[PDB]
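*Asks:* Following this line is coords.tsv, made up of TSV, N, CA and C atoms:
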chain	number	residue	atom	x	y	z
A	47	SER	N	93.79	103.68	80.96
A	47	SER	CA	94.38	102.95	82.07
A	47	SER	C	94.92	101.59	81.67
A	48	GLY	N	94.72	101.16	80.43
A	48	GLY	CA	95.24	99.88	79.99
A	48	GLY	C	96.74	99.91	79.80
A	49	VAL	N	97.34	98.73	79.85
A	49	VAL	CA	98.79	98.58	79.79
A	49	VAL	C	99.25	97.76	78.59
A	50	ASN	N	98.35	97.40	77.69
A	50	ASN	CA	98.75	96.53	76.58
A	50	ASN	C	99.56	97.25	75.51
A	51	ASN	N	99.97	98.50	75.70
A	51	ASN	CA	100.84	99.19	74.75
A	51	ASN	C	102.22	99.47	75.33
A	52	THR	N	102.52	98.97	76.52
A	52	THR	CA	103.80	99.19	77.19
A	52	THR	C	104.51	97.87	77.44
A	53	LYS	N	104.52	96.99	76.44
A	53	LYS	CA	105.13	95.68	76.59
A	53	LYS	C	106.15	95.36	75.50
A	54	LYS	N	106.35	96.23	74.53
A	54	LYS	CA	107.28	95.98	73.44
A	54	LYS	C	108.18	97.19	73.24
A	55	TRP	N	109.48	96.96	73.12
A	55	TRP	CA	110.42	98.04	72.90
A	55	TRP	C	110.24	98.64	71.51
A	56	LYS	N	110.30	99.96	71.43
A	56	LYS	CA	110.08	100.68	70.19
A	56	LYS	C	111.37	101.35	69.74
A	57	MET	N	111.56	101.43	68.43
A	57	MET	CA	112.68	102.13	67.82
A	57	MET	C	112.14	103.26	66.95
A	58	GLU	N	112.63	104.47	67.18
A	58	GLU	CA	112.15	105.64	66.45
A	58	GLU	C	113.30	106.58	66.19
A	59	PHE	N	113.14	107.40	65.15
A	59	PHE	CA	114.15	108.35	64.71
A	59	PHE	C	113.77	109.76	65.13
A	60	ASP	N	114.79	110.56	65.45
A	60	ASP	CA	114.55	111.92	65.91
A	60	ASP	C	113.84	112.73	64.84
A	61	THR	N	112.92	113.59	65.28
A	61	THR	CA	112.11	114.36	64.36
A	61	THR	C	112.96	115.40	63.64
A	62	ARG	N	112.45	115.88	62.50
A	62	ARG	CA	113.15	116.85	61.69
A	62	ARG	C	112.21	117.97	61.26
A	63	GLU	N	112.65	118.80	60.32
A	63	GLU	CA	111.86	119.96	59.91
A	63	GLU	C	110.52	119.52	59.33
A	64	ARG	N	109.48	120.30	59.62
A	64	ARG	CA	108.13	120.04	59.12
A	64	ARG	C	107.48	121.40	58.86
A	65	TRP	N	107.59	121.87	57.63
A	65	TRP	CA	107.08	123.18	57.26
A	65	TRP	C	105.65	123.07	56.74
A	66	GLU	N	105.14	124.15	56.17
A	66	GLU	CA	103.78	124.21	55.65
A	66	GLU	C	103.82	124.56	54.17
A	67	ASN	N	102.98	123.89	53.39
A	67	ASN	CA	103.00	124.06	51.95
A	67	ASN	C	102.56	125.48	51.57
A	68	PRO	N	103.12	126.03	50.49
A	68	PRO	CA	102.58	127.29	49.95
A	68	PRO	C	101.14	127.15	49.50
A	69	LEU	N	100.72	125.95	49.12
A	69	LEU	CA	99.34	125.64	48.80
A	69	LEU	C	98.59	125.44	50.11
A	70	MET	N	97.43	124.77	50.10
A	70	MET	CA	96.54	124.72	51.26
A	70	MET	C	97.27	124.54	52.58
A	71	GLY	N	98.45	123.92	52.55
A	71	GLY	CA	99.30	123.96	53.72
A	71	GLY	C	99.30	122.75	54.61
A	72	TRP	N	99.51	121.57	54.04
A	72	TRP	CA	99.74	120.39	54.87
A	72	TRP	C	101.08	120.51	55.58
A	73	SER	N	101.41	119.49	56.37
A	73	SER	CA	102.70	119.42	57.06
A	73	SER	C	103.66	118.66	56.16
A	74	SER	N	104.37	119.39	55.31
A	74	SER	CA	105.35	118.77	54.43
A	74	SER	C	106.55	118.28	55.24
A	75	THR	N	107.39	117.48	54.59
A	75	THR	CA	108.61	117.00	55.21
A	75	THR	C	109.59	116.59	54.13
A	76	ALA	N	110.85	116.44	54.54
A	76	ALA	CA	111.90	115.97	53.65
A	76	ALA	C	112.73	114.86	54.29
A	77	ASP	N	112.30	114.32	55.42
A	77	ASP	CA	113.01	113.26	56.11
A	77	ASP	C	112.25	111.95	55.94
A	78	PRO	N	112.73	111.02	55.11
A	78	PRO	CA	112.02	109.74	54.96
A	78	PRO	C	111.92	108.95	56.26
A	79	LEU	N	112.93	109.05	57.13
A	79	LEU	CA	112.93	108.31	58.39
A	79	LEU	C	112.19	109.10	59.47
A	80	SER	N	110.94	109.45	59.16
A	80	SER	CA	110.09	110.20	60.07
A	80	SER	C	108.97	109.37	60.67
A	81	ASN	N	108.35	108.50	59.88
A	81	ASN	CA	107.27	107.65	60.35
A	81	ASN	C	107.73	106.24	60.66
A	82	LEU	N	109.02	105.95	60.54
A	82	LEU	CA	109.53	104.60	60.75
A	82	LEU	C	109.60	104.32	62.24
A	83	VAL	N	108.75	103.41	62.72
A	83	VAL	CA	108.77	102.96	64.10
A	83	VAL	C	108.84	101.44	64.09
A	84	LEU	N	109.85	100.90	64.76
A	84	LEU	CA	110.07	99.46	64.81
A	84	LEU	C	109.81	98.95	66.22
A	85	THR	N	109.38	97.69	66.31
A	85	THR	CA	109.03	97.07	67.57
A	85	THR	C	109.95	95.89	67.84
A	86	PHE	N	110.46	95.81	69.07
A	86	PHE	CA	111.33	94.72	69.48
A	86	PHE	C	110.86	94.18	70.82
A	87	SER	N	110.96	92.86	70.97
A	87	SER	CA	110.46	92.19	72.17
A	87	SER	C	111.43	92.23	73.33
A	88	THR	N	112.67	92.65	73.11
A	88	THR	CA	113.66	92.73	74.18
A	88	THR	C	114.65	93.83	73.85
A	89	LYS	N	115.14	94.50	74.89
A	89	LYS	CA	116.08	95.60	74.69
A	89	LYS	C	117.31	95.14	73.93
A	90	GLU	N	117.85	93.97	74.28
A	90	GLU	CA	119.07	93.49	73.64
A	90	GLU	C	118.89	93.31	72.15
A	91	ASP	N	117.75	92.75	71.73
A	91	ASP	CA	117.47	92.66	70.30
A	91	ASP	C	117.34	94.05	69.68
A	92	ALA	N	116.69	94.97	70.39
A	92	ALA	CA	116.53	96.32	69.86
A	92	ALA	C	117.86	97.05	69.75
A	93	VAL	N	118.67	97.03	70.82
A	93	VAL	CA	119.95	97.73	70.79
A	93	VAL	C	120.91	97.08	69.81
A	94	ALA	N	120.72	95.80	69.49
A	94	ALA	CA	121.55	95.13	68.50
A	94	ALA	C	121.18	95.51	67.08
A	95	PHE	N	119.90	95.80	66.83
A	95	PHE	CA	119.49	96.18	65.48
A	95	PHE	C	119.96	97.57	65.10
A	96	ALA	N	120.36	98.39	66.08
A	96	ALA	CA	120.73	99.77	65.78
A	96	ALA	C	122.10	99.85	65.12
A	97	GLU	N	123.15	99.41	65.82
A	97	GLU	CA	124.50	99.51	65.27
A	97	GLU	C	124.75	98.50	64.17
A	98	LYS	N	124.01	97.39	64.15
A	98	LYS	CA	124.08	96.49	63.01
A	98	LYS	C	123.68	97.21	61.73
A	99	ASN	N	122.62	98.01	61.81
A	99	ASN	CA	122.27	98.93	60.74
A	99	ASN	C	123.07	100.23	60.80
A	100	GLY	N	123.90	100.39	61.82
A	100	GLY	CA	124.76	101.55	61.93
A	100	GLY	C	124.03	102.83	62.26
A	101	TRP	N	123.39	102.88	63.43
A	101	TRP	CA	122.67	104.06	63.87
A	101	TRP	C	123.07	104.38	65.31
A	102	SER	N	123.48	105.62	65.54
A	102	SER	CA	123.75	106.06	66.90
A	102	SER	C	122.45	106.02	67.70
A	103	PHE	N	122.52	105.46	68.91
A	103	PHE	CA	121.33	105.20	69.70
A	103	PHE	C	121.50	105.70	71.12
A	104	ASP	N	120.37	105.98	71.76
A	104	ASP	CA	120.29	106.12	73.21
A	104	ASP	C	119.13	105.26	73.71
A	105	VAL	N	119.33	104.63	74.86
A	105	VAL	CA	118.39	103.63	75.37
A	105	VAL	C	117.87	104.09	76.72
A	106	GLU	N	116.56	104.06	76.89
A	106	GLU	CA	115.91	104.37	78.15
A	106	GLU	C	115.31	103.10	78.72
A	107	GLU	N	115.68	102.78	79.96
A	107	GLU	CA	115.25	101.53	80.57
A	107	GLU	C	113.75	101.52	80.80
A	108	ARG	N	113.17	100.32	80.78
A	108	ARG	CA	111.74	100.17	80.98
A	108	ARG	C	111.34	100.64	82.37
A	109	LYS	N	110.29	101.46	82.44
A	109	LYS	CA	109.76	101.92	83.71
A	109	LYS	C	108.66	100.96	84.16
A	110	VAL	N	108.93	100.23	85.23
A	110	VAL	CA	107.99	99.26	85.78
A	110	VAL	C	107.22	99.93	86.92
A	111	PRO	N	105.90	100.04	86.84
A	111	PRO	CA	105.13	100.60	87.96
A	111	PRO	C	105.37	99.79	89.23
A	112	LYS	N	105.93	100.44	90.24
A	112	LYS	CA	106.28	99.74	91.46
A	112	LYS	C	105.01	99.23	92.15
A	113	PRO	N	105.05	98.05	92.75
A	113	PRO	CA	103.86	97.52	93.43
A	113	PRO	C	103.51	98.37	94.64
A	114	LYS	N	102.23	98.70	94.76
A	114	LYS	CA	101.73	99.55	95.84
A	114	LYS	C	100.72	98.76	96.65
A	115	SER	N	100.93	98.70	97.96
A	115	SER	CA	100.02	97.97	98.83
A	115	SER	C	98.74	98.77	99.03
A	116	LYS	N	97.61	98.17	98.67
A	116	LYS	CA	96.31	98.81	98.78
A	116	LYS	C	95.40	97.96	99.65
A	117	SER	N	94.75	98.59	100.63
A	117	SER	CA	93.83	97.90	101.52
A	117	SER	C	92.54	98.71	101.61
A	118	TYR	N	91.41	98.02	101.46
A	118	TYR	CA	90.13	98.71	101.56
A	118	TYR	C	89.83	99.15	102.99
A	119	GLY	N	90.23	98.34	103.97
A	119	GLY	CA	89.97	98.69	105.36
A	119	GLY	C	90.62	99.98	105.80
A	120	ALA	N	91.69	100.40	105.12
A	120	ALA	CA	92.34	101.66	105.47
A	120	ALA	C	91.44	102.85	105.22
A	121	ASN	N	90.42	102.69	104.36
A	121	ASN	CA	89.52	103.80	104.08
A	121	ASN	C	88.80	104.27	105.34
A	122	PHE	N	88.63	103.38	106.32
A	122	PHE	CA	87.97	103.69	107.59
A	122	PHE	C	88.94	103.29	108.70
A	123	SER	N	89.83	104.21	109.06
A	123	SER	CA	90.87	103.95	110.05
A	123	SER	C	90.55	104.67	111.35
A	124	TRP	N	90.72	103.96	112.47
A	124	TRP	CA	90.42	104.53	113.77
A	124	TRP	C	91.34	105.70	114.10
A	125	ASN	N	92.63	105.57	113.80
A	125	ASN	CA	93.61	106.60	114.13
A	125	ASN	C	94.18	107.29	112.90
A	126	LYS	N	94.66	106.52	111.92
A	126	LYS	CA	95.45	107.09	110.84
A	126	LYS	C	94.63	108.08	110.02
A	127	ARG	N	95.30	109.12	109.54
A	127	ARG	CA	94.67	110.17	108.75
A	127	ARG	C	94.23	109.71	107.37
A	128	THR	N	94.41	108.43	107.04
A	128	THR	CA	93.98	107.90	105.76
A	128	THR	C	92.48	107.65	105.69
A	129	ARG	N	91.76	107.82	106.80
A	129	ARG	CA	90.31	107.69	106.78
A	129	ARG	C	89.70	108.72	105.84
A	130	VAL	N	88.86	108.26	104.93
A	130	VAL	CA	88.28	109.15	103.94
A	130	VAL	C	87.05	109.84	104.51
A	131	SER	N	86.69	110.97	103.92
A	131	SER	CA	85.54	111.75	104.34
A	131	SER	C	84.32	111.54	103.45
A	132	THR	N	84.44	110.72	102.41
A	132	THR	CA	83.32	110.46	101.52
A	132	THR	C	83.52	109.11	100.85
A	133	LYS	N	82.42	108.51	100.42
A	133	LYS	CA	82.47	107.24	99.71
A	133	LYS	C	81.22	107.05	98.87
B	31	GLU	N	44.07	99.00	139.43
B	31	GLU	CA	45.19	98.11	139.28
B	31	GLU	C	44.78	96.82	138.49
B	32	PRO	N	43.84	96.83	137.33
B	32	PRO	CA	43.28	95.59	137.09
B	32	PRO	C	44.18	95.02	136.01
B	33	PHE	N	43.70	93.98	135.35
B	33	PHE	CA	44.20	93.62	134.02
B	33	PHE	C	43.43	94.45	132.99
B	34	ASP	N	43.67	95.77	133.05
B	34	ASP	CA	42.99	96.74	132.21
B	34	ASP	C	43.48	96.64	130.77
B	35	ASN	N	43.34	95.47	130.19
B	35	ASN	CA	43.85	95.27	128.85
B	35	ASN	C	43.14	96.11	127.80
B	36	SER	N	42.12	96.87	128.18
B	36	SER	CA	41.35	97.68	127.25
B	36	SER	C	41.82	99.13	127.20
B	37	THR	N	42.95	99.45	127.84
B	37	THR	CA	43.47	100.81	127.87
B	37	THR	C	44.88	100.84	127.32
B	38	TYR	N	45.16	101.84	126.49
B	38	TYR	CA	46.48	102.06	125.90
B	38	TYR	C	47.15	103.17	126.68
B	39	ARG	N	47.81	102.80	127.78
B	39	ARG	CA	48.42	103.78	128.68
B	39	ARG	C	49.60	104.51	128.05
B	40	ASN	N	50.10	104.06	126.90
B	40	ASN	CA	51.20	104.73	126.23
B	40	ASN	C	50.65	105.94	125.47
B	41	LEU	N	50.33	106.99	126.22
B	41	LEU	CA	49.88	108.25	125.64
B	41	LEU	C	50.87	109.38	125.84
B	42	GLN	N	52.01	109.13	126.49
B	42	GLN	CA	52.96	110.19	126.76
B	42	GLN	C	53.54	110.80	125.49
B	43	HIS	N	53.56	110.04	124.39
B	43	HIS	CA	54.09	110.57	123.14
B	43	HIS	C	53.22	111.67	122.55
B	44	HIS	N	51.97	111.78	123.00
B	44	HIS	CA	51.09	112.82	122.46
B	44	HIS	C	51.59	114.21	122.83
B	45	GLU	N	51.92	114.43	124.09
B	45	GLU	CA	52.32	115.75	124.57
B	45	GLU	C	53.83	115.95	124.51
B	46	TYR	N	54.42	115.67	123.35
B	46	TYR	CA	55.84	115.89	123.13
B	46	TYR	C	56.05	117.17	122.32
B	47	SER	N	57.29	117.62	122.27
B	47	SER	CA	57.65	118.88	121.65
B	47	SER	C	58.59	118.65	120.48
B	48	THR	N	58.89	119.74	119.76
B	48	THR	CA	59.83	119.67	118.65
B	48	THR	C	61.23	119.32	119.13
B	49	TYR	N	61.65	119.88	120.26
B	49	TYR	CA	62.99	119.70	120.78
B	49	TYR	C	63.08	118.61	121.83
B	50	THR	N	62.03	117.80	121.99
B	50	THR	CA	61.97	116.86	123.11
B	50	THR	C	63.13	115.87	123.08
B	51	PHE	N	63.40	115.28	121.91
B	51	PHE	CA	64.44	114.27	121.82
B	51	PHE	C	65.80	114.83	122.20
B	52	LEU	N	66.15	116.00	121.67
B	52	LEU	CA	67.44	116.59	121.99
B	52	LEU	C	67.45	117.18	123.39
B	53	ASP	N	66.28	117.53	123.92
B	53	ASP	CA	66.22	118.11	125.26
B	53	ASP	C	66.69	117.10	126.30
B	54	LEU	N	65.96	115.99	126.43
B	54	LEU	CA	66.32	114.99	127.43
B	54	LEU	C	67.60	114.24	127.08
B	55	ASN	N	68.09	114.36	125.85
B	55	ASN	CA	69.44	113.90	125.55
B	55	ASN	C	70.47	114.76	126.27
B	56	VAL	N	70.26	116.08	126.29
B	56	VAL	CA	71.19	116.97	126.99
B	56	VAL	C	71.16	116.69	128.49
B	57	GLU	N	69.96	116.55	129.06
B	57	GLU	CA	69.84	116.24	130.48
B	57	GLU	C	70.51	114.91	130.80
B	58	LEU	N	70.58	114.00	129.84
B	58	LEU	CA	71.16	112.68	130.02
B	58	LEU	C	72.67	112.67	129.87
B	59	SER	N	73.28	113.81	129.51
B	59	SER	CA	74.71	113.82	129.21
B	59	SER	C	75.56	113.52	130.44
B	60	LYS	N	75.15	114.01	131.61
B	60	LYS	CA	75.99	113.89	132.80
B	60	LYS	C	76.23	112.43	133.18
B	61	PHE	N	75.28	111.54	132.87
B	61	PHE	CA	75.47	110.14	133.21
B	61	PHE	C	76.54	109.48	132.35
B	62	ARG	N	76.76	109.99	131.14
B	62	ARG	CA	77.67	109.35	130.20
B	62	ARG	C	79.12	109.50	130.64
B	63	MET	N	79.86	108.40	130.61
B	63	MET	CA	81.27	108.40	130.97
B	63	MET	C	82.11	108.99	129.84
B	64	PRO	N	83.34	109.41	130.13
B	64	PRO	CA	84.16	110.05	129.09
B	64	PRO	C	84.36	109.15	127.88
B	65	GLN	N	84.29	109.76	126.70
B	65	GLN	CA	84.43	109.02	125.45
B	65	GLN	C	85.90	108.68	125.20
B	66	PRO	N	86.16	107.62	124.44
B	66	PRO	CA	87.55	107.32	124.07
B	66	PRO	C	88.09	108.36	123.11
B	67	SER	N	89.41	108.53	123.16
B	67	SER	CA	90.11	109.49	122.31
B	67	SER	C	90.93	108.75	121.28
B	68	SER	N	90.76	109.11	120.01
B	68	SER	CA	91.53	108.51	118.93
B	68	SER	C	92.88	109.19	118.73
B	69	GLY	N	93.31	110.02	119.68
B	69	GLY	CA	94.55	110.74	119.51
B	69	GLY	C	94.34	112.10	118.89
B	70	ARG	N	94.50	112.17	117.57
B	70	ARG	CA	94.33	113.41	116.84
B	70	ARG	C	92.93	113.99	117.04
B	71	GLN	N	92.81	115.29	116.80
B	71	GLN	CA	91.53	115.96	116.98
B	71	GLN	C	90.57	115.70	115.82
B	72	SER	N	91.07	115.24	114.68
B	72	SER	CA	90.24	115.01	113.51
B	72	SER	C	90.99	114.08	112.57
B	73	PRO	N	90.27	113.35	111.71
B	73	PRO	CA	90.96	112.50	110.72
B	73	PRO	C	91.81	113.29	109.75
B	74	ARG	N	91.57	114.59	109.62
B	74	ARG	CA	92.36	115.43	108.73
B	74	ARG	C	93.47	116.16	109.46
B	75	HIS	N	93.30	116.42	110.75
B	75	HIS	CA	94.32	117.11	111.54
B	75	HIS	C	95.53	116.21	111.74
Go ahead and express the file in the form of structure tokens.

*Replies:*
Amino acid sequence: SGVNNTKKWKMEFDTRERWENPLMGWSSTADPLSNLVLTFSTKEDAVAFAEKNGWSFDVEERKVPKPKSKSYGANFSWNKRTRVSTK
Amino acid sequence: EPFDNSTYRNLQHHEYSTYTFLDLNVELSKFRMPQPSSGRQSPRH
């Protein structure tokens, strides 16, 4: 339930082939840009680092949890169906 | 009719029954005025 991991913009590269070794069988790969994840404090800085390094990008806007009005007294409401049956 | 302070006249509780409380509650229902209505039939309905 913590939110301390949703405060910095991340840059990541699309995944690629990941086969299994003929030996014991780890997850091999041939794409060096597989574990590269970069962190940026603002979208503009992040979107600027992409084409400056020359990388086609797509950007998804930050999802802000909308404020929700919560009242404890609603748990026991005279009329409204929000009255709970257990506590 | 004295100041019979030496007698515990509250003995009616001795000859009570299992259903006594709910019995005279039922007999007492007719005196009660209609209850308020919260609208819906249930908090879930």

*Asks:* If you measure from CA of residue 123 in chain A to CA of residue 63 in chain B, what distance in Å do you get, rounded to one decimal?

*Replies:*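 Calculated distance between CA of residue 123 in chain A and CA of residue 63 in chain B is 23.4 Å.
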
*Asks:* Identify, with DSSP run on backbone atoms, the residues in chain B assigned to alpha helix (DSSP H), and express the list as a ChimeraX atom specification.

*Replies:* /B:50-57

*Asks:* Using all atoms listed in the file, determine which residues of chain A fall within 6.5 Å of chain B; present them as a PyMOL selection string.

*Replies:* chain A and resi 124-129

*Asks:* Hey, can you check how far CA of residue 55 in chain A sits from atom C of residue 89 in chain A?

*Replies:*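 Atom C of residue 89 in chain A lies 7.5 Å from CA of residue 55 in chain A.
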
*Asks:* So how far away is CA of residue 62 in chain B from atom C of residue 42 in chain B, in Å?

*Replies:*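 Between these atoms lies a distance of 24.6 Å.
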
*Asks:* Hey, what's within 8 Å of range 56-67 of chain A if we count all atoms listed in the file and toss same-chain stuff fewer than 3 positions away? As a PyMOL selection string, please?

*Replies:* chain A and resi 53+70-77+79-89+92

*Asks:* Just list as a list in words whatever in range 74-119 of chain A DSSP marks as strand (DSSP E or B).

*Replies:*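 The strand (DSSP E or B) residues within range 74-119 of chain A come out as residues 83, 84, 85 and 86 of chain A.
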
*Asks:* Would you compute an axis-aligned box for range 92-98 of chain A, covering every atom listed for it in the file with 6 Å of margin on each side, and report centre and edge lengths in Å to one decimal as lines of an AutoDock Vina configuration file?

*Replies:*
center_x = 120.6
center_y = 97.4
center_z = 66.3
size_x = 20.2
size_y = 16.9
size_z = 21.1

*Asks:* Mind rebuilding range 100-120 of chain A with N, CA, C and O atoms and writing that out as a PDB file, keeping the file's coordinate frame?

*Replies:*
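Below you can see part-v2.pdb, which holds the result:
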ATOM      1  N   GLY A 100     123.900 100.390  61.820  1.00  0.00           N
ATOM      2  CA  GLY A 100     124.760 101.550  61.930  1.00  0.00           C
ATOM      3  C   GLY A 100     124.030 102.830  62.260  1.00  0.00           C
ATOM      4  O   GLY A 100     124.034 103.778  61.470  1.00  0.00           O
ATOM      5  N   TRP A 101     123.390 102.880  63.430  1.00  0.00           N
ATOM      6  CA  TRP A 101     122.670 104.060  63.870  1.00  0.00           C
ATOM      7  C   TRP A 101     123.070 104.380  65.310  1.00  0.00           C
ATOM      8  O   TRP A 101     123.002 103.514  66.179  1.00  0.00           O
ATOM      9  N   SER A 102     123.480 105.620  65.540  1.00  0.00           N
ATOM     10  CA  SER A 102     123.750 106.060  66.900  1.00  0.00           C
ATOM     11  C   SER A 102     122.450 106.020  67.700  1.00  0.00           C
ATOM     12  O   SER A 102     121.413 106.499  67.245  1.00  0.00           O
ATOM     13  N   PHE A 103     122.520 105.460  68.910  1.00  0.00           N
ATOM     14  CA  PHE A 103     121.330 105.200  69.700  1.00  0.00           C
ATOM     15  C   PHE A 103     121.500 105.700  71.120  1.00  0.00           C
ATOM     16  O   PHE A 103     122.613 105.842  71.622  1.00  0.00           O
ATOM     17  N   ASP A 104     120.370 105.980  71.760  1.00  0.00           N
ATOM     18  CA  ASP A 104     120.290 106.120  73.210  1.00  0.00           C
ATOM     19  C   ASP A 104     119.130 105.260  73.710  1.00  0.00           C
ATOM     20  O   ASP A 104     118.095 105.152  73.050  1.00  0.00           O
ATOM     21  N   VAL A 105     119.330 104.630  74.860  1.00  0.00           N
ATOM     22  CA  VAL A 105     118.390 103.630  75.370  1.00  0.00           C
ATOM     23  C   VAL A 105     117.870 104.090  76.720  1.00  0.00           C
ATOM     24  O   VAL A 105     118.659 104.478  77.594  1.00  0.00           O
ATOM     25  N   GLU A 106     116.560 104.060  76.890  1.00  0.00           N
ATOM     26  CA  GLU A 106     115.910 104.370  78.150  1.00  0.00           C
ATOM     27  C   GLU A 106     115.310 103.100  78.720  1.00  0.00           C
ATOM     28  O   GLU A 106     114.532 102.416  78.047  1.00  0.00           O
ATOM     29  N   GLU A 107     115.680 102.780  79.960  1.00  0.00           N
ATOM     30  CA  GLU A 107     115.250 101.530  80.570  1.00  0.00           C
ATOM     31  C   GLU A 107     113.750 101.520  80.800  1.00  0.00           C
ATOM     32  O   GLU A 107     113.117 102.567  80.988  1.00  0.00           O
ATOM     33  N   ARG A 108     113.170 100.320  80.780  1.00  0.00           N
ATOM     34  CA  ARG A 108     111.740 100.170  80.980  1.00  0.00           C
ATOM     35  C   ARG A 108     111.340 100.640  82.370  1.00  0.00           C
ATOM     36  O   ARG A 108     111.975 100.280  83.364  1.00  0.00           O
ATOM     37  N   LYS A 109     110.290 101.460  82.440  1.00  0.00           N
ATOM     38  CA  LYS A 109     109.760 101.920  83.710  1.00  0.00           C
ATOM     39  C   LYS A 109     108.660 100.960  84.160  1.00  0.00           C
ATOM     40  O   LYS A 109     107.600 100.884  83.534  1.00  0.00           O
ATOM     41  N   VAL A 110     108.930 100.230  85.230  1.00  0.00           N
ATOM     42  CA  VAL A 110     107.990  99.260  85.780  1.00  0.00           C
ATOM     43  C   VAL A 110     107.220  99.930  86.920  1.00  0.00           C
ATOM     44  O   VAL A 110     107.854 100.381  87.884  1.00  0.00           O
ATOM     45  N   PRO A 111     105.900 100.040  86.840  1.00  0.00           N
ATOM     46  CA  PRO A 111     105.130 100.600  87.960  1.00  0.00           C
ATOM     47  C   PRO A 111     105.370  99.790  89.230  1.00  0.00           C
ATOM     48  O   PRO A 111     105.044  98.599  89.291  1.00  0.00           O
ATOM     49  N   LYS A 112     105.930 100.440  90.240  1.00  0.00           N
ATOM     50  CA  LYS A 112     106.280  99.740  91.460  1.00  0.00           C
ATOM     51  C   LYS A 112     105.010  99.230  92.150  1.00  0.00           C
ATOM     52  O   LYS A 112     103.983  99.911  92.131  1.00  0.00           O
ATOM     53  N   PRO A 113     105.050  98.050  92.750  1.00  0.00           N
ATOM     54  CA  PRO A 113     103.860  97.520  93.430  1.00  0.00           C
ATOM     55  C   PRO A 113     103.510  98.370  94.640  1.00  0.00           C
ATOM     56  O   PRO A 113     104.379  98.720  95.441  1.00  0.00           O
ATOM     57  N   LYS A 114     102.230  98.700  94.760  1.00  0.00           N
ATOM     58  CA  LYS A 114     101.730  99.550  95.840  1.00  0.00           C
ATOM     59  C   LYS A 114     100.720  98.760  96.650  1.00  0.00           C
ATOM     60  O   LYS A 114      99.763  98.213  96.094  1.00  0.00           O
ATOM     61  N   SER A 115     100.930  98.700  97.960  1.00  0.00           N
ATOM     62  CA  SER A 115     100.020  97.970  98.830  1.00  0.00           C
ATOM     63  C   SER A 115      98.740  98.770  99.030  1.00  0.00           C
ATOM     64  O   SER A 115      98.770  99.908  99.500  1.00  0.00           O
ATOM     65  N   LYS A 116      97.610  98.170  98.670  1.00  0.00           N
ATOM     66  CA  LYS A 116      96.310  98.810  98.780  1.00  0.00           C
ATOM     67  C   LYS A 116      95.400  97.960  99.650  1.00  0.00           C
ATOM     68  O   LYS A 116      95.282  96.749  99.425  1.00  0.00           O
ATOM     69  N   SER A 117      94.750  98.590 100.630  1.00  0.00           N
ATOM     70  CA  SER A 117      93.830  97.900 101.520  1.00  0.00           C
ATOM     71  C   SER A 117      92.540  98.710 101.610  1.00  0.00           C
ATOM     72  O   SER A 117      92.581  99.923 101.808  1.00  0.00           O
ATOM     73  N   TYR A 118      91.410  98.020 101.460  1.00  0.00           N
ATOM     74  CA  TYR A 118      90.130  98.710 101.560  1.00  0.00           C
ATOM     75  C   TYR A 118      89.830  99.150 102.990  1.00  0.00           C
ATOM     76  O   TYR A 118      89.242 100.212 103.199  1.00  0.00           O
ATOM     77  N   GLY A 119      90.230  98.340 103.970  1.00  0.00           N
ATOM     78  CA  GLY A 119      89.970  98.690 105.360  1.00  0.00           C
ATOM     79  C   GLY A 119      90.620  99.980 105.800  1.00  0.00           C
ATOM     80  O   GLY A 119      90.156 100.608 106.756  1.00  0.00           O
ATOM     81  N   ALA A 120      91.690 100.400 105.120  1.00  0.00           N
ATOM     82  CA  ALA A 120      92.340 101.660 105.470  1.00  0.00           C
ATOM     83  C   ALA A 120      91.440 102.850 105.220  1.00  0.00           C
ATOM     84  O   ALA A 120      91.641 103.915 105.810  1.00  0.00           O
TER      85      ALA A 120
END
